[PDB]
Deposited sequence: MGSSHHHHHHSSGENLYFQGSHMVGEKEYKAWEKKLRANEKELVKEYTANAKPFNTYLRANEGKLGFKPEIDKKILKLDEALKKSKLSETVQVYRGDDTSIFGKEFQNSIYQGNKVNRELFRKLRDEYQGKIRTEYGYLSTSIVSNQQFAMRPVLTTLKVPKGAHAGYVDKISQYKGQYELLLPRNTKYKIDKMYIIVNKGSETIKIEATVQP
């Protein structure tokens, strides 16, 4: 399916997709800073429009499960340093986070790169999100820049996802905040 998408892309689109995957943070910090709206730096806007179009030429062949690790900063300043107390999740504060989050639809302003489980799921960061991406969704497989697994699944910017469930996974020497979500 990496091959099917690649055959649909122009030469400049392939270059651009690779440019993004290898240099993702500056694209995504720009998008997040402006809540997914363009017009702030017209030059990067030009690339973003082309990357959007490249991704529109992709269509997922079947429904798939993918995942993302994140640190606690994705929750904002109030939760970032208070959601963990030492190595355990703050139970009272988690309650507040879950009520704030669960059942609701969120938007990721940046492009959404996700990993695919082969024989392993790399869940060492404090937050783990699994996402169900429906058949037919715009989503393209890309070369992973960690040379870990071969491919990642790249979703459009402004992806909307519903948080279906949220809970704490208690491990032997850590606790993980687990987010289960479905892409709209």
Sequence order list of spans that the model leaves without C-alpha positions, deposited numbering: 1-27, 175, 213
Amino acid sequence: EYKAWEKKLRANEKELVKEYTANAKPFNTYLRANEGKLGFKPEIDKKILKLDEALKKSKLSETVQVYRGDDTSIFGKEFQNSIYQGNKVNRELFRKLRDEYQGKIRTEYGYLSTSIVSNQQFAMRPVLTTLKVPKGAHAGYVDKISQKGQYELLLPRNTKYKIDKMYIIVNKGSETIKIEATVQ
From here on, numbers count along this sequence of modelled residues.
statement: Mean B factor on CA atoms, stretches 110-118 and 84-92, record says higher is 84-92
- request: Could you check which stretch, 53-61 or 25-33, carries the larger mean CA temperature factor in the entry?
  value: 53-61
message: Looking at the C-alpha B-factor values in the deposited entry, which of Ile145, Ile44, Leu154, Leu128 comes out highest?
response: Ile145
field: Entry-reported Cα temperature factor of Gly69, expressed as the chain third it lands in
entry: lowest
message: Taking only the Cα B-factors deposited for this chain, tell me whether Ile163 sits in the lowest, middle or highest third.
response: middle
- prompt: Compared with the other modelled residues in the chain, in which third is the CA B-factor of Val170?
  reply: lowest
query: Is the Cα B-factor recorded for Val17 in the lowest, middle or highest third of its chain?
result: lowest
